[PDB]
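Asker: Give me a 3D structure for the following:
(2 chains, ligands or ions: 5)
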Amino acid sequence: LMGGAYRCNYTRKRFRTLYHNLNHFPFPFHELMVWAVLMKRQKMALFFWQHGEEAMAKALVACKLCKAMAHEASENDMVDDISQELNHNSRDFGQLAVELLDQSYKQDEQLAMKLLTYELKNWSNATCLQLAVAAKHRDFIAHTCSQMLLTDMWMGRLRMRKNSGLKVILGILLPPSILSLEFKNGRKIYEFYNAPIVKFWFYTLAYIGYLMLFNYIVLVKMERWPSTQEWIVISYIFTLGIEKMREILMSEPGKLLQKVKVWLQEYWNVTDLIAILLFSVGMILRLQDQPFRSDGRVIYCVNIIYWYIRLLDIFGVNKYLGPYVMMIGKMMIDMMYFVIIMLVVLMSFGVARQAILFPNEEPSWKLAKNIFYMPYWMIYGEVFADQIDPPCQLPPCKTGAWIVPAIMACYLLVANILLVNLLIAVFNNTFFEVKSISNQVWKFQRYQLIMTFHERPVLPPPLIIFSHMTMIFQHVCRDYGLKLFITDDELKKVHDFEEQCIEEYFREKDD
Amino acid sequence: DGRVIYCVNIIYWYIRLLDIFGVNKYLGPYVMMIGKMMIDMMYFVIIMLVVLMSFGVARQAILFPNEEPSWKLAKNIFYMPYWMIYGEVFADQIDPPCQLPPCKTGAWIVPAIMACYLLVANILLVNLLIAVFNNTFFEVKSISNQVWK
Ligand SMILES: CCCCCCCC(=O)OC[C@H](COP(=O)(O)O[C@@H]1[C@H](O)[C@H](O)[C@@H](OP(=O)(O)O)[C@H](OP(=O)(O)O)[C@H]1O)OC(=O)CCCCCCC
Ligand SMILES: COCC(CCO[C@H]1CC[C@@]2(C)C(=CC[C@H]3[C@@H]4C[C@@H]5O[C@]6(CC[C@@H](C)CO6)[C@@H](C)[C@@H]5[C@@]4(C)CC[C@@H]32)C1)COC
Ligand SMILES: COCC(CCO[C@H]1CC[C@@]2(C)C(=CC[C@H]3[C@@H]4C[C@@H]5O[C@]6(CC[C@@H](C)CO6)[C@@H](C)[C@@H]5[C@@]4(C)CC[C@@H]32)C1)COC
Ligand code: NA
Ligand code: NA
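Answerer: Numbering: from 1, shown residues only, chains lettered A, B, ... in the order given. Ligands and ions are numbered 1, 2, ... in the order given. Next up is the structure itself:
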């Protein structure tokens, strides 16, 4: 029910050995809570939740279990009453976890941050953040305490918080400037270059350089044999493909065919694969005779558009430039239907005009071009009334050519005054929902961004081939970032703080 | 050179009349609202510029494949794709109808990229900017009124 990474306490070899010759339980309310959750007893589970230690972890685990049971019951096509009664339990447990987190952060902040990161021995060594992410709980990760914890994990071991970013670029470009930044309590360089923010900025600078080289090679004349910049671009593409293959192989599932399915879940990955294959085909066709070389160059020119577009993924790290991109992504789906309707009207007008003006044309594929070309250009400003309805020294006028200006006028009135204004109204009246949803989704995906830049080779793709050599040499041979290991006294203090917080929460709610 | 600097200065001194206008009861808050919508517009200009640069580079590389390196290349990318979105969409200056020099290899992609670029720039981003201006106007209006008073 939990997931691939989870490992229950009963299935461990120690408990199998203990159970074979058949004691007690150190935390009985954990077992009773899981029993009540698994047997669809909501009141009993809510009673057992407020007793014992680790209330927030219990709430998140119960939420995940209820969601998984609801999904499985819906899949197994049982009575839909159960599959709708379980989702309510999941929502209730998620709300309890969110309220407990809010109370804990309201009381004390350092203990609240320590609560979300410390390793949980009873729940297969997973922190509260990982349990919340595995449960797809957006309201928990989007909370203020979770966002500040994510910012602390993203900044690395550097204490600069006023105006960052510029200093990171300075340190990347000027290594002597590194030994002037404050650090959290020789080895300073290793801690600087392993922070995820520095990795991200190094990757961004490498991508900017690669884009510049690609623009240079496509703009300037191309010869029989590739120049140096073309070789650099080809090496960048090859190493990026190798890095994508490495990301595929070291994924979460243990099956080679199954990891591909999980990797093909984000659209950026499949678009990257398509672009890399297209670039490989174009490069293969490029090193040939003149016509195939021209075809390869045209493939290069077409392919550069995608690498220009992919800068939005880089922009997505910004606080204000990410939600706008998600809003654009939703507005495209909102715009498709009006594109269809305008296409219908445009085709009608174009066919009518072409049939009226030119009545003695032999069948040719040029006819399919004259329908879409000029009616489409006529709605973006080029409404030249000399080309359409020609003034017919004087060639004879075509029969019925006085209808073309009237049809054009009606078509312009429909297309430029009605549909576009209705589209403006549609965009305007459905903006608040899209804005809130995009903000929540970006705040949730910040965690995945931080994780995927924390687990990444330090060198950018154009010279990442060297960092792939060390993974082969080390083949024959987490202090922080994910978890936080604490002693027994600190664990007891955290448990005391959590019990105080949950008691205060219940008392305040009753009052 | 001094005359050109005079022209730039007359641009600035013409702009500086909004400070004089700022004494009016209704012409001050509008200027402050302009000041904040400037930030929003500058946030959208980056995306518009990315799309524009992509289309310009693609068209320039497709149509002219035998150009020596010159700074004129950096001009042909920004000039015409920018003038296109302000109503000057042409069909003979760009995508030439190729008595006739031979057609360039792959010149049938320029009108399709042009159509997609116009659809993205003139129907999507500008309408989204209109929605952004419209849905965040009451807060800006109240704050500007308070700050002016
Ligand atoms: C070529 C770039 C293309 C990739 C662009 C990659 C995308 C990109 O642009 O980076 C975003 C990042 C901005 O975020 P950054 O951390 O630097 O600064 C934030 C900003 O100062 C806000 O004003 C702060 O408060 P608030 O929010 O107002 O309340 C916020 O504080 P907090 O809330 O965090 O505590 C700060 O985080 O960097 C820059 O743009 C600075 C110049 C660097 C870029 C200029 C140098 C090129
Ligand atoms: C008259 O002959 C000129 C000659 C000197 C020729 O040198 C050339 C060197 C390459 C260079 C600087 C030149 C023209 C286009 C320039 C491109 C414009 C691109 O714009 C950018 C624009 C913005 C970027 C995001 C994308 O690329 C560059 C990758 C690109 C760019 C700056 C690469 C550099 C190119 C001039 C004189 O010598 C005596
Ligand atoms: C140079 O000479 C060409 C010659 C071959 C000529 O064959 C012709 C056969 C009819 C055909 C395929 C041709 C041109 C217009 C084509 C129309 C375009 C229309 O578009 C569609 C567009 C979308 C639809 C919704 C509406 O109609 C078709 C009804 C229509 C359509 C596909 C019908 C088919 C027409 C070519 C070469 O032979 C050696
Ligand atoms: Na116009
Ligand atoms: Na015009």
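
Asker: quick one: contacts for residue A:253?
Answerer: By CB atoms under 8 Å, 6 or more residues apart in numbering or on different chains, the residues touching residue A:253 are A:4, A:259, A:262. Bear in mind the C-beta positions are built from the backbone N, C-alpha and C, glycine included.

Asker: So it versus residue A:226, what's the distance?
Answerer: Distance, residue A:253 to residue A:226, by CB to CB, to the nearest Å: 39 Å.

Asker: Ok, residue A:148 next?
Answerer: Using CB to CB, residue A:148 is found at 49 Å from residue A:226.

Asker: Next: residue A:58.
Answerer: On the measure of CB to CB, residue A:58 and residue A:226 end up 61 Å apart.

Asker: neighbour-wise, which of those two wins?
Answerer: A count of neighbours by other CB atoms under 10 Å in any protein chain shown puts residue A:58 above the other of residue A:58 and residue A:226, at 28 against 16.

Asker: The more buried one reaches residue A:51, doesn't it?
Answerer: No - checked against CB atoms under 8 Å, the pair residue A:58 and residue A:51 is beyond contact range at 9.9 Å.

Asker: Any buried residues in the helix or strand containing residue A:496, and which?
Answerer: Residue A:496 is part of helix A:488-510, with elements assigned from DSSP states H and E. Buried residues in helix A:488-510, counted by 16 or more other CB atoms under 10 Å in any protein chain shown: A:494, A:497, A:498, A:499, A:501, A:502, A:505.

Asker: out of those, who's nearest ligand 3?
Answerer: Sorting the buried residues of helix A:488-510 by distance to ligand 3 puts residue A:505 at the head of the list, at 63.9 Å, by CB to the nearest ligand atom.

Asker: now the closest one, nearest residue through space, not along the chain?
Answerer: In this structure, residue A:505 finds its nearest non-sequential neighbour in residue A:103, 4.4 Å apart by CB to CB, 6 or more residues apart in numbering or on different chains.

Asker: For the one you found, list the residues it contacts.
Answerer: A:501, A:502, A:504, A:505, A:508.

Asker: Adding distance to ligand 1, write the residues you listed out as a markdown table.
Answerer: A markdown table is the format used below for the contacts of residue A:103 (distance: CB to the nearest ligand atom, whole Å):
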| residue | distance to ligand 1 |
| --- | --- |
| A:501 | 26 |
| A:502 | 30 |
| A:504 | 29 |
| A:505 | 28 |
| A:508 | 30 |
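
Asker: Intersect the residues you listed with the contacts of ligand 3.
Answerer: Among these, not one lies near ligand 3 by CB under 6 Å from any ligand atom.

Asker: Could you give the backbone dihedrals for the closest residue in space to residue A:486 that isn't next to it in sequence?
Answerer: Nearest non-adjacent residue to residue A:486, counting by CB to CB, 6+ apart: residue A:118, 5.3 Å away. With angles defined as degrees, to the nearest 10, residue A:118 sits at phi -80, psi 150.

Asker: Ok, residue A:389 next?
Answerer: According to degrees, to the nearest 10, residue A:389 has phi 60, psi 70.

Asker: Thanks again, I'm all set now.
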